[PDB]
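S.K.: Here you go, target19.csv (CSV, N, CA and C atoms):
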chain,number,residue,atom,x,y,z
C,1,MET,N,312.7,9.5,184.9
C,1,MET,CA,312.6,10.9,184.9
C,1,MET,C,313.9,11.5,185.3
C,2,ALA,N,314.6,10.9,186.2
C,2,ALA,CA,315.9,11.4,186.7
C,2,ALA,C,317.0,11.2,185.7
C,3,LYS,N,317.2,9.9,185.2
C,3,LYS,CA,318.3,9.6,184.3
C,3,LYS,C,318.1,10.1,182.9
C,4,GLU,N,316.9,10.1,182.4
C,4,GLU,CA,316.6,10.5,181.0
C,4,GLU,C,316.1,11.9,180.8
C,5,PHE,N,315.7,12.6,181.9
C,5,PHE,CA,315.3,14.0,181.8
C,5,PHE,C,315.9,15.0,182.8
C,6,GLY,N,316.7,14.4,183.7
C,6,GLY,CA,317.4,15.2,184.7
C,6,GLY,C,316.4,15.9,185.7
C,7,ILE,N,315.3,15.3,185.9
C,7,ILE,CA,314.3,15.8,186.9
C,7,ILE,C,314.6,15.1,188.2
C,8,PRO,N,314.9,15.9,189.2
C,8,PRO,CA,315.2,15.4,190.6
C,8,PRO,C,314.1,14.6,191.2
C,9,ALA,N,314.5,13.6,192.0
C,9,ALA,CA,313.5,12.6,192.6
C,9,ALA,C,312.4,13.3,193.4
C,10,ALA,N,312.7,14.4,194.1
C,10,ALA,CA,311.7,15.0,194.9
C,10,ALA,C,310.6,15.6,194.0
C,11,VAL,N,311.0,16.2,192.9
C,11,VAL,CA,310.0,16.8,191.9
C,11,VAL,C,309.3,15.7,191.2
C,12,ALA,N,310.1,14.7,190.7
C,12,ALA,CA,309.5,13.6,189.9
C,12,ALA,C,308.5,12.9,190.8
C,13,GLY,N,308.8,12.6,192.0
C,13,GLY,CA,307.9,11.9,192.9
C,13,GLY,C,306.6,12.7,193.2
C,14,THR,N,306.8,14.0,193.3
C,14,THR,CA,305.6,14.8,193.5
C,14,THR,C,304.7,14.7,192.3
C,15,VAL,N,305.3,14.8,191.1
C,15,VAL,CA,304.5,14.8,189.9
C,15,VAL,C,303.7,13.5,189.7
C,16,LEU,N,304.4,12.4,190.0
C,16,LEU,CA,303.8,11.1,189.9
C,16,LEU,C,302.7,10.9,191.0
C,17,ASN,N,302.9,11.5,192.1
C,17,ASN,CA,301.9,11.4,193.2
C,17,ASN,C,300.6,12.1,192.7
C,18,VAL,N,300.8,13.3,192.1
C,18,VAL,CA,299.7,14.0,191.6
C,18,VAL,C,298.9,13.2,190.5
C,19,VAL,N,299.7,12.6,189.6
C,19,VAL,CA,299.1,11.7,188.6
C,19,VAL,C,298.3,10.6,189.2
C,20,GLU,N,298.9,9.9,190.2
C,20,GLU,CA,298.1,8.8,190.9
C,20,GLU,C,296.9,9.2,191.7
C,21,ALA,N,297.0,10.4,192.2
C,21,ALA,CA,295.9,11.0,193.0
C,21,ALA,C,294.8,11.6,192.1
C,22,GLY,N,295.0,11.5,190.8
C,22,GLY,CA,294.0,12.1,189.9
C,22,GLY,C,294.0,13.6,189.8
C,23,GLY,N,295.1,14.2,190.1
C,23,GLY,CA,295.3,15.6,190.1
C,23,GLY,C,295.1,16.2,188.7
C,24,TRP,N,295.1,17.5,188.6
C,24,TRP,CA,294.9,18.2,187.4
C,24,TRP,C,296.1,18.3,186.4
C,25,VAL,N,295.9,18.2,185.1
C,25,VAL,CA,296.9,18.4,184.1
C,25,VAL,C,297.5,19.8,184.4
C,26,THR,N,296.8,20.8,184.8
C,26,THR,CA,297.4,22.0,185.0
C,26,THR,C,298.5,22.0,186.0
C,27,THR,N,298.2,21.2,187.1
C,27,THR,CA,299.2,21.1,188.2
C,27,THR,C,300.5,20.5,187.7
C,28,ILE,N,300.3,19.4,186.9
C,28,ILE,CA,301.5,18.7,186.4
C,28,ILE,C,302.3,19.5,185.4
C,29,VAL,N,301.6,20.2,184.5
C,29,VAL,CA,302.3,21.1,183.6
C,29,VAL,C,303.0,22.3,184.3
C,30,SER,N,302.4,22.8,185.4
C,30,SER,CA,303.0,23.9,186.1
C,30,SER,C,304.3,23.4,186.8
C,31,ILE,N,304.3,22.2,187.4
C,31,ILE,CA,305.5,21.7,188.1
C,31,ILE,C,306.6,21.4,187.1
C,32,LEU,N,306.2,20.8,186.0
C,32,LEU,CA,307.2,20.4,185.0
C,32,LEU,C,307.8,21.6,184.3
C,33,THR,N,307.0,22.6,184.0
C,33,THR,CA,307.6,23.8,183.3
C,33,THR,C,308.5,24.5,184.3
C,34,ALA,N,308.1,24.6,185.6
C,34,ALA,CA,308.9,25.2,186.6
C,34,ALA,C,310.2,24.6,186.8
C,35,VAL,N,310.3,23.2,186.6
C,35,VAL,CA,311.6,22.6,186.9
C,35,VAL,C,312.6,22.9,185.8
C,36,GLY,N,312.1,23.4,184.7
C,36,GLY,CA,313.0,23.8,183.6
C,36,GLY,C,313.2,22.8,182.5
C,37,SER,N,314.4,22.8,182.0
C,37,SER,CA,314.7,22.0,180.7
C,37,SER,C,314.2,20.6,180.8
C,38,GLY,N,314.4,19.9,182.0
C,38,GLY,CA,314.1,18.5,182.1
C,38,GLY,C,312.6,18.4,182.0
C,39,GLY,N,311.8,19.3,182.6
C,39,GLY,CA,310.4,19.2,182.6
C,39,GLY,C,309.8,19.5,181.2
C,40,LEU,N,310.4,20.5,180.6
C,40,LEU,CA,310.0,20.9,179.2
C,40,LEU,C,310.3,19.7,178.3
C,41,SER,N,311.4,19.0,178.4
C,41,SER,CA,311.7,17.8,177.6
C,41,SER,C,310.7,16.7,177.8
C,42,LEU,N,310.3,16.5,179.1
C,42,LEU,CA,309.3,15.4,179.3
C,42,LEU,C,308.0,15.8,178.7
C,43,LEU,N,307.6,17.1,178.8
C,43,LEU,CA,306.3,17.5,178.2
C,43,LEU,C,306.4,17.3,176.7
C,44,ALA,N,307.6,17.5,176.1
C,44,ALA,CA,307.8,17.4,174.7
C,44,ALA,C,307.6,15.9,174.3
C,45,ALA,N,308.2,15.0,175.1
C,45,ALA,CA,308.2,13.6,174.8
C,45,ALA,C,306.8,13.0,174.8
C,46,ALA,N,305.8,13.7,175.5
C,46,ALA,CA,304.5,13.2,175.5
C,46,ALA,C,303.8,13.5,174.2
C,47,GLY,N,304.3,14.4,173.4
C,47,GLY,CA,303.7,14.7,172.1
C,47,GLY,C,302.4,15.4,172.3
C,48,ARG,N,301.3,14.9,171.6
C,48,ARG,CA,300.0,15.5,171.7
C,48,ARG,C,299.2,14.8,172.8
C,49,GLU,N,299.7,13.8,173.4
C,49,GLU,CA,299.0,13.1,174.5
C,49,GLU,C,299.0,13.9,175.7
C,50,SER,N,297.9,13.9,176.5
C,50,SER,CA,297.9,14.6,177.8
C,50,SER,C,299.1,14.1,178.6
C,51,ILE,N,299.7,15.0,179.3
C,51,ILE,CA,300.9,14.6,180.0
C,51,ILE,C,300.5,13.7,181.2
C,52,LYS,N,299.2,13.8,181.6
C,52,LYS,CA,298.7,13.0,182.7
C,52,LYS,C,298.5,11.5,182.2
C,53,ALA,N,298.0,11.4,181.0
C,53,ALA,CA,297.8,10.1,180.4
C,53,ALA,C,299.1,9.4,180.0
C,54,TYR,N,300.0,10.2,179.5
C,54,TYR,CA,301.4,9.7,179.2
C,54,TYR,C,302.1,9.1,180.4
C,55,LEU,N,302.1,9.9,181.5
C,55,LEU,CA,302.7,9.4,182.7
C,55,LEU,C,302.0,8.2,183.3
C,56,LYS,N,300.7,8.2,183.2
C,56,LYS,CA,299.9,7.1,183.7
C,56,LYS,C,300.3,5.8,183.0
C,57,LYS,N,300.5,5.9,181.7
C,57,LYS,CA,300.9,4.8,180.9
C,57,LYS,C,302.3,4.3,181.2
C,58,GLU,N,303.2,5.3,181.5
C,58,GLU,CA,304.6,4.9,181.8
C,58,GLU,C,304.6,4.2,183.1
C,59,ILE,N,303.7,4.6,184.1
C,59,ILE,CA,303.6,3.9,185.4
C,59,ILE,C,303.1,2.5,185.2
C,60,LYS,N,302.1,2.3,184.3
C,60,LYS,CA,301.6,1.0,184.1
C,60,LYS,C,302.7,0.1,183.4
C,61,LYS,N,303.4,0.7,182.5
C,61,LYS,CA,304.4,0.0,181.8
C,61,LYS,C,305.6,-0.5,182.6
C,62,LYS,N,306.1,0.5,183.5
C,62,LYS,CA,307.4,0.3,184.2
C,62,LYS,C,307.3,0.2,185.7
C,63,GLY,N,306.2,0.6,186.2
C,63,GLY,CA,306.1,0.7,187.7
C,63,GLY,C,306.5,2.1,188.1
C,64,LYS,N,305.9,2.7,189.1
C,64,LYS,CA,306.1,4.0,189.6
C,64,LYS,C,307.6,4.3,189.9
C,65,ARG,N,308.2,3.4,190.7
C,65,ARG,CA,309.6,3.5,191.0
C,65,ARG,C,310.5,3.7,189.8
C,66,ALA,N,310.3,2.9,188.8
C,66,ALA,CA,311.1,3.0,187.6
C,66,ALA,C,310.9,4.2,186.8
C,67,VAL,N,309.6,4.7,186.8
C,67,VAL,CA,309.3,6.0,186.1
C,67,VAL,C,310.1,7.1,186.8
C,68,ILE,N,310.1,7.1,188.2
C,68,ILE,CA,310.9,8.2,188.9
C,68,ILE,C,312.3,8.1,188.4
C,69,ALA,N,312.9,6.9,188.5
C,69,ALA,CA,314.3,6.7,188.1
C,69,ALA,C,314.6,7.2,186.7
C,70,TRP,N,313.6,6.9,185.8
C,70,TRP,CA,313.7,7.3,184.3
C,70,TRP,C,313.6,8.8,184.2
Could the structure of this file be written out as structure tokens, please?
M.R.:
Amino acid sequence: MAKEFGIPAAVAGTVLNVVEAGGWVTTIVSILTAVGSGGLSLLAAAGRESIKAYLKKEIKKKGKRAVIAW
């Protein structure tokens, strides 16, 4: 999230913590839209898939730490 979307670690970690805690899609969308272009780009990358499901799958694929870095 950091290297490929320019989302800072503190925001990225917050978002992934919400994902892992089973938080609401609305919360994730609000944080990502508020961080600006990087968050908008990440939402775009998810396509039509729920941003929650998309990040869940990225965490499964790469591990949480690597998703933050990404």
S.K.: What lies within 8 Å of stretch 26-32 of chain C using all atoms listed in the file, ignoring chain neighbours under 2 positions off, as a PyMOL selection string?
M.R.: chain C and resi 11+14-16+18-19+23-24+34-43+51-52
S.K.: How many Å separate atom CA of residue C:3 from atom CA of residue C:61?
M.R.: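 Atom CA of residue C:3 sits 17.1 Å away from atom CA of residue C:61.
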S.K.: As an exercise, work out the distance from atom CA of residue C:7 to atom CA of residue C:58 in Å and give it to one decimal place.
M.R.: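 Between these atoms lies a distance of 15.5 Å.
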S.K.: Smallest atom-to-atom distance to residue C:57: which of C:5, C:20, C:69, C:33, using only C-alpha atoms?
M.R.: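 Once distances to residue C:57 are computed over only C-alpha atoms, the minimum belongs to C:20.
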